[PDB]
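By convention in this document, chain letters (A, B, ...) are assigned in the order of the sequence lines, proteins followed by strands, and residues within each chain are numbered from 1. Just so it is clear, the values below take in all heavy atoms, side chains as well, and ignore hydrogens, waters and symmetry mates.
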Amino acid sequence: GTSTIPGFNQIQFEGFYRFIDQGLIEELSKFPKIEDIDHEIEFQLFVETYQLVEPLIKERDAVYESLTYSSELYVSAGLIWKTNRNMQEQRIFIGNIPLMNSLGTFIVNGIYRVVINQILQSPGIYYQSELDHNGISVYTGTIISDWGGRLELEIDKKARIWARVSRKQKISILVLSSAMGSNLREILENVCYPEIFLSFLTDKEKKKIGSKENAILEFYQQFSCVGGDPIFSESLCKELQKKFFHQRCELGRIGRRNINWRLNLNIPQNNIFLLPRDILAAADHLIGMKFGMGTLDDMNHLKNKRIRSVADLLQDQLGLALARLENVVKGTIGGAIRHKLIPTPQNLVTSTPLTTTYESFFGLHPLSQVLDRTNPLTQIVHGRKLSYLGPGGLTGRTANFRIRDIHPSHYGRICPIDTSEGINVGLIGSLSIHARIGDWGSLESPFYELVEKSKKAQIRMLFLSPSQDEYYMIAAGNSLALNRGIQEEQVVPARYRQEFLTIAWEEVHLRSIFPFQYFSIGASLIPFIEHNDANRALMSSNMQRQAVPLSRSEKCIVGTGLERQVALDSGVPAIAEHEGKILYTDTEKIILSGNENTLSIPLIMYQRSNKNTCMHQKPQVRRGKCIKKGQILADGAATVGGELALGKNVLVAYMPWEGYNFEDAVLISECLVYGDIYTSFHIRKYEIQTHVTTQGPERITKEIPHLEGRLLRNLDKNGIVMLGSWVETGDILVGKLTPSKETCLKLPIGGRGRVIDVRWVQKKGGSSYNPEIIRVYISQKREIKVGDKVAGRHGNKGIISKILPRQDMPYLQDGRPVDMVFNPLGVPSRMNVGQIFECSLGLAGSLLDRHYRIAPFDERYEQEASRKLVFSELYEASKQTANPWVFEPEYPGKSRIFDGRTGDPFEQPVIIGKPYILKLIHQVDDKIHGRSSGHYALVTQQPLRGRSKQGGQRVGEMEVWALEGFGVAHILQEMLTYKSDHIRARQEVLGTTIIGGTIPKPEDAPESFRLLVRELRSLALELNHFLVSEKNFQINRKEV
Amino acid sequence: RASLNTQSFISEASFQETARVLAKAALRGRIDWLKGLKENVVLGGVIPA
Amino acid sequence: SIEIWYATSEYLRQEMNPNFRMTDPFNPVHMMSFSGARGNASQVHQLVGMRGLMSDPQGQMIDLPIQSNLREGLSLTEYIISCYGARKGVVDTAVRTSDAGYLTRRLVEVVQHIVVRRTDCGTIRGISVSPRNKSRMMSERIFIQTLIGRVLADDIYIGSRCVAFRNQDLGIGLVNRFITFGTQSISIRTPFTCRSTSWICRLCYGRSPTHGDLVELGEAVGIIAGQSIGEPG
Amino acid sequence: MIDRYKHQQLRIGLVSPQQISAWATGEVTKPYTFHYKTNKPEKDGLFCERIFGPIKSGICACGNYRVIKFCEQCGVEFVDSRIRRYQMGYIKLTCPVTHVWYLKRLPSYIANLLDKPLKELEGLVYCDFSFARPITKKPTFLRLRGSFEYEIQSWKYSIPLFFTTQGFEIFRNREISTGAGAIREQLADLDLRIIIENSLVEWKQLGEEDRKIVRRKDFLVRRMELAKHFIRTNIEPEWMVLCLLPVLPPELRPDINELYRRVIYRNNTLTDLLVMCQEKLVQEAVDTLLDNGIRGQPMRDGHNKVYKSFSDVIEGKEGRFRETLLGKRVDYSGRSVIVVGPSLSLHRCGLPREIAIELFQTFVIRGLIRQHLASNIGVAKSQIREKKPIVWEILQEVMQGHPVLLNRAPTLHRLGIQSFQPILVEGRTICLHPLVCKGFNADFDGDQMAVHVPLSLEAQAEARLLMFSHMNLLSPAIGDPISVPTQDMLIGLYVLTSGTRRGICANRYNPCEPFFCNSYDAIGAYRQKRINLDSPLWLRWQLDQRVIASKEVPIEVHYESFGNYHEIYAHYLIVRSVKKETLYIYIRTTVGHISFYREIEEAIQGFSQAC
Amino acid sequence: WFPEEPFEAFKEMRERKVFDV
DNA sequence: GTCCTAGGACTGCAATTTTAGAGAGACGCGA
DNA sequence: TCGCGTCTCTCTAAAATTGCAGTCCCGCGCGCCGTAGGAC
RNA sequence: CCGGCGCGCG
Ligand SMILES: [Mg+2]
Ligand SMILES: [Zn+2]
């Protein structure tokens, strides 16, 4: 990535390859040579013989029939029978290792999965100081190991150092130092203040310090807080070593690196353990820093972080996989020994440990997520996320408020705009376009080096880690400035030590020259982004991820030039793997032949995503065309000519129109409807499973009792809906009988469409019955409608509220009616001026037959660079096409338009143009819900929750407050008793309303109060409701 | 604190520290006369407003 | 550097409106904000003036001004700096809601039982309101809006003539008459004067906040009080 | 007026073992939930059909049926399965176990009533400590005081050997005891009045004499306050230690069943022995069942997940009080995306056909049956499912005069839910008036609303007469109007009422307009493109001077020698005479001011004429 | 503010009609 | 394959952990 | 022949940290994954 | 028709 934008999946690609090379070998080691208690039978692995074989199932087959794309592991083992003194070595089977796709995603059970990166505090020593209740400064040094073990060194009020381990367990330094054997004599000499340590030496501690073992026992007493005197034993040290030394004393390669720096130590790199000198050296700075010597450690600095890729997550699970295998073998070797048998090495090892722990890692781990396949943009941005959450990371409630903020070390590594919305704001990041993961878990970005005359400097592009980022003067300006002096004395803005300066060019070390350096993919697809407020940039990035691929796609007139990068790295288009010539093309395949190698590339035709969006590919080449390796062969969904195409170019005006664009409503024309401009295909999947019950297995048949032939009209003989049938709401999909009650699969509400794919498949198993699975895929052609959501690339979103005939829309001076009308009041409050630039230039490009791919921040060349570009291109289109309304000298970009209802011009000129508008997933037909009555919960007896469950709407406490504010005491009682949970009164309301005979008061308690009474009874508490008559003062006990 | 020293234990129990409120009230046979708005919401009855 | 660019930024904002009023009264940006429809002077200044100065998360201001507006186009350095305030707005949203929602629930909780249940508790106490204080010249605007809708706890006299009687709603005409003459003491019935903390009466509350007349029996004024304070939080 | 008195109360109280038996009478003895094969309720188990009631109402554990008392073989009642939601059981604990709420919670009630440090009671109940002299109402002969941690050597061998076994055990639990049984014995024989008097006299002694000299006083005040409440109530202080354990009905626990099993798992083990360790295991099983998380480390399951107790399920934001009781999900409710309708009236809303037909389904059934177009309820429902064209006529008829309630999600004040008159609109979106968006804090960029239908006549009257928007034009916070024109309407009004260009913005050079008889002539001339919206004009005024203008004298008075004089102001011209009493007024204005004034005037006059 | 002096505070309460003899 | 089957941020507050304060029974030194 | 500061504890009044308890907007939509373990 | 985890919308 020194001279080009790197592949967006290159971090996933390189991480997985690192795991294959070094992760397997480094983890196949550490596998103990398993020996029995008697030492008779020794089982061991020959790690140098490890191998992986290519998967037997093809990657298309793995997802087609719900399998996992993985490869076999076939290491060899040697079992030693010292009874016979004979060796047997066989190629045993260890498990299956999942394989990453070239796109960077795994397949488990036929589900695409993505492993996202995690951010957590880097190992080393960290210095912090926190005020106490009285404001007295208290300094602290904290050791962080390779597994998150924190060893806190604290200075108390009496200057006594305590090696705090938990919230209560407190241990002095001298006991801890003498626990490992640091004699009390040498502790004093190696520090500048021997007096401080000696002042805290009570006569009780000195005796325990004098001998190595007494310090260990006292250290155990203070660490464990267990009454009594422990006995020194080998097991006690091992028990302590696993709990304390194994988790709090192994720094690792990274942990040693930082400690050598922060504590200024010349210790060899190979020492991956916390040397005892470091603790004593740390105490020197800790006490020394109290007297103004040094600076505190910045915990939010990126130089104190690490990034864990798929390489670290897959290797760690292999650490659990093989540790899970040894426990399997130990039980297996002990079992076979008790039978005095000779077991073959294959039978001592089963494939369950590796296969299951990887099967359950993608299923359950939060950092393993389902790939979002809404559009090509979502496929690539999902894999580039950085999260502080996950195991070992802070939770949203746990997260500090100083975190979630932008740190100066993020520049070029973490996008300052892209973040999640909600409680997880500032905790889910996103990598920049040019960001790279280094060899220490640190993020790097490339900078251009400016050096003196006498220097070779073969490559001047060097990637900079955040630790060395501060100590360089990095400029972002240009050298287009000259006065009567020389160029080196001209001043430019620069960054140095986490601040912004203004210094001369001769003092600049590095330059930031890449245009997309500081942004993620989402923010890098916004043209004229420098004219939009950064608040809307975050919203705009999210909306582009919700765009629906349209049945027909077209390229944007105005773009940034990153659309071609997105298309290439998404895998949606077909990319040649071999040079040659095109010989045959059609819908189902493309045939390419080159260098005596003839290949056949199939094309995806109307496939379904995880978000119910259609996938489809069309050829982009013709027969007889020469192709280079890596050039495009076909276009996929939301891709035209090798570019990302998420929307359409439509004629647009910015004016208020009779309140139908009030707030954020959008007025559109019928041309967008009958022209199929925003028509999208949506495919749902309906699955039914056959289970074996006590009465017998479920049966599938066309003959279903108590059903009409009209409902079953689309079924075949087997009992499944026919391929290519127009189903309806309530129609039958799979007829199934459970012994026999009808348990068939019916089409839900609003699911009417055309059946396009049926999959009657049996999962072969070891039982006498195999689970049968049926998958029905139904396509739905959705044209744009009132209530649909459209948005532009500048955070300008809106709901369609009105559709007009073309003769009613306002029209231009060439007579063409516009397609959309936007409210002009949405610009000043939202402060996104870049949409005004894009619409004017989109109009110019359509008349000039031009497309524009403009890199952001074009004002680095000159002032008002975007204005000069748009105005000059508007005038060129006006002059060439003889359309004087396209560029108006009086008011450039605006023109007088006419009312389609009266033919009279609107008084003020209107900004018109041809912007790029997207259609989003959030639309009606997926949000309209209604309920009369129906199914209730089993315990609370309240109506269910959810549109899919035909549930009701919740009247929460804030809604109850409003009803109490109005004083509507009878509306409130309805929503509390006989519309929610009063079982007796719900059935009477259903009866009276059908006869219209007045509803009486419930007067009894609802099932939610009776539920509470029983629970209070379970705590030996009785809650009785009494009514005292105002007539005769008789106490009446209410039934509850 | 003022909301935890009311004349109703149902309003206190449904506000905060339910176990603490109910343990103290049930030890002394505390009586709630349902004079408030939230007390009658819990029972599902008509609020006295 | 901080103060010279803050003074320059603030001077552009001041002259933005007279420039619009004198030279382009019908300018669309001016009309969209001067009419009170959508947008204020601060947001227009971000478009036509300069974005001014930002601040790093730990309070301190950044020693580099954003001297360009959104129409001109921010530089790469300026756009990064402007992302500091973008992050604050989204983060401060996640705490304005979770705190005000908690605050509103506790506000409604403490007064949920307060309902207008009597016409007159019979109290004689009255909070005294004085227009003239020798430590500060009272602003008549505050003296009015607080007194409107209150019920007098005592008779008001001008000379030997009674101009306002006990148990009489304080209209705006009476208040101006009190201000016009030298009426130094006004005794009103407030929620602080009712003879109960479990309910309130019609006279100690006053006129209805929405219905114009005196408040009606059975009105849940406590929940309305709790919602009125927590809503703008 | 005499108030309509209503005296209704509810009270909680600590329950008695006799009341627990009366609840269950019915004891759960086995930890079996269901048969592994048949999935039938195991007898005497947590789901026993004899104890709790008949599954599949009207059938026995055998399979017999009767029309909706006790069976003979299995002894199962003949009632509805409703009883399985309400019928309680109990577990007969071999040893009494203390209630965790009254021992471990701070400050401890048992510790304060017995007046011993909490650590001492905790050691007595959990550790292997024995308490000396547990009771006083029966004589003793030993001088053991306090709670000796170590077992007494003589009491272990000497005294039992001298006093043999039977009589020794007969008088055993009167000098030395341990666990919750000793605590219950101490609580049972307490003399509360003596407690009050001793506490008062000790308080006086302390007072007659400075942190813990006060903290001891506060304990004494707390203890005599605690002691007084037992005297006047029917609660007994020994009920804080449980002899029976009530069992939740099965239908409320279709986690909790796991904790109930452990109590039976360890209590039935204890009765087989009849040992100290198993007594503690039963006590910890009850604590985890009743309240986990108070004892430091809370007991987890096999998955290293903390168990959820009754205290956890009744407390917290997701507990019974704050989630099930203070808010409920309701029937006859819908939801959809809201779009703007500027043609709607202020008291109207638009409902999609699907939401309307779901919400008003029973009323549509009544309309169908009433006019003989449906034979029964089933036929009417089938017709509704088929989307017959006559279903929509009946729906449109029955929706007239029946209001609905709209509601946006963050209901911050009472105007967050309002009532409107629904009308049928095409599509799948809710049509909302633009002037009520500020009250809902709603904009049309993705917001959704919930709809509710009042059913009873009282609720419909409340919605129509209290919650409609035309009677809620003022906000309760300060009294300001809430339905004020905003944004587009405000801009339109501002442009309409922005008058003529004046001064140097009207004429290029220093000046060294039509006259209309009535406003209708001016508006007609504007329609015929004769004048612009802001071009100046003179309007003859035949009413009183009611034009808001600066209080200024005339710019110029043109006095004629015949008597007439013309007074020229900034915005009007007035013609007066000395011979006559005539007075003519001409207002200098635009078509926009005329249009605004005429709009408001015609609104008032049309509303008056329509009534 | 009511003055910190107790008798001045008493006189203030008499003038502000908070409390009287 | 499986059919039963047993780690924030703040506030509030009582609980340990001293710190101290006097203080006394037996006493080695001592008058 | 006792008398005298006082050696070595001695027991409690009075703060001084310190470990729990409690709490932390509302309302919607969607997907995935459970339900585990061992001698056959 | 039960709870956790992850992702979203207003
Ligand atoms: Mg909105
Ligand atoms: Zn009163």
Closer than 4.0 Å, any side-chain N/O of [X] to the OP1 or OP2 of [N]?
X: A/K797; N: H/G10; answer: yes
X: D/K317; N: G/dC26; answer: yes
X: A/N542; N: H/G8; answer: no
X: A/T398; N: F/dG8; answer: yes

Between G/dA14 atom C1' and D/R216 atom CZ, what is the distance in whole Å? 17 Å

Going by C1'-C2'-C3'-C4' alone, is F/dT19 a north or a south sugar? south

Can you figure out which of [options] approaches the side chain of [X] most closely?
X: D/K212; options: G/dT35, G/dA14, H/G10; answer: G/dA14
X: D/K119; options: F/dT16, G/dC25, G/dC28; answer: F/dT16
X: A/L938; options: H/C9, H/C1, G/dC28; answer: H/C1
X: A/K168; options: G/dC28, G/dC20, G/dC26; answer: G/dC20
X: A/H922; options: G/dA15, F/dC3, H/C9; answer: H/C9

Under 5.0 Å side-chain proximity of D/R211, groove of the nearby base atoms: major

Which part of the nucleic acid, if any, lies within contact of [X], taking any heavy atom under 4.0 Å across all strands shown: a base, the sugar-phosphate backbone alone, or nothing?
X: C/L103; result: nothing
X: D/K305; result: nothing
X: A/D926; result: nothing
X: A/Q369; result: sugar-phosphate
X: B/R20; result: sugar-phosphate

Do the six-membered rings of G/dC24 and G/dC25 sit on top of each other, with centres under 5.5 Å apart and planes under 30° apart? no

Strand DNA chain G in bracket notation, Watson-Crick/G-U under 3.5 Å with | for pairs to another chain: ......||||||||||||||||||.|||.....|.|....

Would D/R215 count as a cation-pi partner of D/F219, with NZ or CZ less than 6.0 Å from the six-membered ring centre and within 45° of the ring normal? no

Donor + acceptor pair across side chains of A/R608, A/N612 (<3.5 Å): yes

5'-most by nearest nucleotide on DNA chain F - A/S767 or A/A399: A/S767

Mind checking the OG1-CD spacing from C/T104 to C/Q227? Nearest 0.5 Å is all I need. 9.0 Å

side-chain hydrogen bond (donor to acceptor under 3.5 Å, both in side chains) between D/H452 and A/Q953, worked out: CA-CA 9 Å; D/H452 307 270; A/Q953 307 297 318; over 6 Å; no

I'd like to know if D/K104 and D/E122 make a salt bridge, using a cut-off of under 4.0 Å between side-chain N and carboxylate O. yes

Using the side chain to side chain donor-acceptor pair (under 3.5 Å) rule, pick out the option among A/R545, A/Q369, A/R373 that qualifies with A/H382. A/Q369

